[PDB]
Amino acid sequence: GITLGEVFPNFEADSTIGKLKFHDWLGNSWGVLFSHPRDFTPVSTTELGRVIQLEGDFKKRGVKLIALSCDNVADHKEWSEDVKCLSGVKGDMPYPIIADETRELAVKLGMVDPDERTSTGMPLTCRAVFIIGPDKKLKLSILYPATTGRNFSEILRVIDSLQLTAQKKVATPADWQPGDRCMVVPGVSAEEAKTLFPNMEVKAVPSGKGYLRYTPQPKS
Amino acid sequence: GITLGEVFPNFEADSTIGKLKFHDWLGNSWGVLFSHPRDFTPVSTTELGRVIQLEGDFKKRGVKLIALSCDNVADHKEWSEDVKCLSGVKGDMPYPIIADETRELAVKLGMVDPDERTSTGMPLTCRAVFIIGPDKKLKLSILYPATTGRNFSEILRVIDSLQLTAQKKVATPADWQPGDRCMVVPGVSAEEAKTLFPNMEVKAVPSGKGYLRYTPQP
C-alpha cells in the first residue's frame with residue numbers, strides 16, 4: 001500500500017498511448033490516477049463516462065487524468081468507444097488507460113478488490129483514486145469497492161482544497177465549497193494574522209482557547 | 001495499511017468511554033471509525049461538530065460512529081465541550097473518541113499525516129475514514145490530509161450504496177443518490193433478470209455486448 005506523502009512509484013506500464021514511465025508521463029503537474037475492476041462493465045462505464053464529461057474541469061485545474069484496470073490494451077480501446085458513447089461527448093479519449101495485466105500495480109498500490117475476481121481466480125482492482133502533486137507525492141486517496149460508484153464532484157472539491165491549502169496558510173472545513181470561508185491553521189500566530197488575515201474571526205469556545213479561526217478564502 | 005476485505009484489527013484502546021476492545025464494542029453492527037490530527041484545532045472541530053449534526057442519520061442506518069486521534073482522553077473530554085458548542089446540539093457526546101497515544105493504530109491503519117507532527121516530533125493521524133461491515137471486514141476507506149476537511153454527506157451516500165449492494169445484485173453508478181436507477185451486476189443472467197429485475201433496461205452500446213443494464217433501485 002501507499003500512505004499519504006509517499007513518493008508515488010515511478011512505474012513503467014503499457015497503456016492506450018503505449019508504454020509510459022509514470023514520473024515522465026505526469027511531469028511537473030497535479031495528477032489523478034483512478035482504477036476500475038474490469039472493462040466492459042456497467043458502473044465502470046458510467047464512471048469513465050462521467051470523467052469525460054468533467055475533463056475541462058480537470059484541465060482548468062492543471063490536473064492530468066489516468067485510468068487503470070487489469071485488462072489488456074486491446075480491450076481498453078474497444079471499450080473506450082462504449083465509454084465515449086455513454087458520456088455523450090464526441091472526440092478522442094481525453095486520458096490514457098493503463099493495462100495492469102500482471103497485477104503489479106494492483107498489489108503495490110493496495111487496490112485489489114475484495115470481492116471481484118476473474119473466473120480464473122485472478123485479482124482485479126477496486127475503484128481507487130490517488131491524487132498526486134507536482135512533487136510526485138501522494139496527497140489524498142480513496143478506496144471504494146466494485147459495488148460502489150464514485151462521486152467525481154467530491155474529487156474536484158478536494159482538488160480545490162488541496163491546490164489552495166498548498167499555497168495558503170489555511171485549511172478547509174467540513175463540507176467546504178470553493179469560495180467559502182476557510183480556517184486559519186493553528187500555526188499562524190495572532191501577530192502574523194494581523195497582517196495575513198486582517199479580517200479574521202476568532203470564535204470564542206468553552207475551552208477559552210483561540211484556535212477556532214475563520215477567514216475569507218484567500219485569492220490564489 | 002489495511003486493504004478492502006481485510007478483517008479490521010480487533011484492537012484494545014483507551015477512549016472517552018474507558019478501555020475498549022474494538023470487535024466487542026462494534027458487535028454485529030456497521031461501523032465508521034474516523035480520525036482527525038489533533039484536538040483543539042479548527043477543521044477537526046467543524047468535522048466532529050458536523051458528525052453530531054448527523055448522528056441521527058447514522059443511527060437510523062445502523063451505523064456506530066467512533067472518532068480517534070493521538071491525544072489523550074482528558075484532552076478529548078475537554079475539547080468535546082467545544083465540539084458540542086460548534087455543533088449547536090445540546091447533550092452528551094453521541095460517539096466515543098479513542099486515544100491512540102502510542103501511535104500504534106496510526107501506524108497499523110496506514111493513517112499517519114504527511115505534514116502534521118507534534119512540537120516534540122511525534123506523528124499524528126490524517127483525516128481517515130474506515131467503514132466496517134457486520135462481518136468486521138473493511139468495506140471502504142478514505143485518507144484525506146489535515147488540510148482538507150471531509151464531506152460527511154458522501155460518507156452517508158456510500159453507506160447507502162454499501163448497504164443496498166450487500167442485499168441485492170446491483171451496483172450503484174457514478175454519482176448515484178438513493179432512489180436513482182442502479183446497474184445490474186454482470187454476473188446476473190438474462191434468465192435470472194427476467195425474474196429478479198422485471199423492469200431492467202439494456203442500453204445498446206457500439207461493442208454490442210449487453211452489460212449496460214439499468215434497473216429501478218430494488
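Letters A, B, ... are given to chains in the order of the sequence lines, protein chains preceding strands, and every chain is numbered from 1.
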Crowding at [atom1], [X] (>12 non-hydrogen neighbours, <6.0 Å):
{"X": "A:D92", "atom1": "CG", "answer": "no"}
{"X": "B:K168", "atom1": "NZ", "answer": "no"}
{"X": "B:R117", "atom1": "CZ", "answer": "no"}
{"X": "A:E104", "atom1": "CD", "answer": "no"}
{"X": "B:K64", "atom1": "NZ", "answer": "yes"}
{"X": "A:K21", "atom1": "NZ", "answer": "yes"}
{"X": "A:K169", "atom1": "NZ", "answer": "no"}
{"X": "A:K90", "atom1": "NZ", "answer": "no"}

Assign the ring pair B:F8 / B:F130 to parallel, tilted or perpendicular, where the plane angle (0 to 90°) is split at 30° and 60°.
tilted

For the pair B:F58 and B:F152, name the ring-plane relationship: parallel under 30°, tilted 30 to 60°, perpendicular over 60°.
perpendicular

Basic-acidic side-chain contact under 4.0 Å: B:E47, B:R50:
no

Does B:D100 pair with B:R103 as a salt bridge, N-O distance under 4.0 Å?
no

Within the side chain of B:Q167, is there an N or O that forms a donor-acceptor pair under 3.5 Å with the backbone of B:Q163?
yes

Indicate whether any N or O donor in one side chain lies under 3.5 Å from an N or O acceptor in the other, for [X] and [Y].
{"X": "A:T45", "Y": "A:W79", "result": "yes"}
{"X": "A:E192", "Y": "A:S189", "result": "no"}
{"X": "B:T118", "Y": "B:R38", "result": "no"}

Looking only at heavy atoms, the pair that brings A:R127 and A:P37 closest together is NH1-CD, 3.4 Å

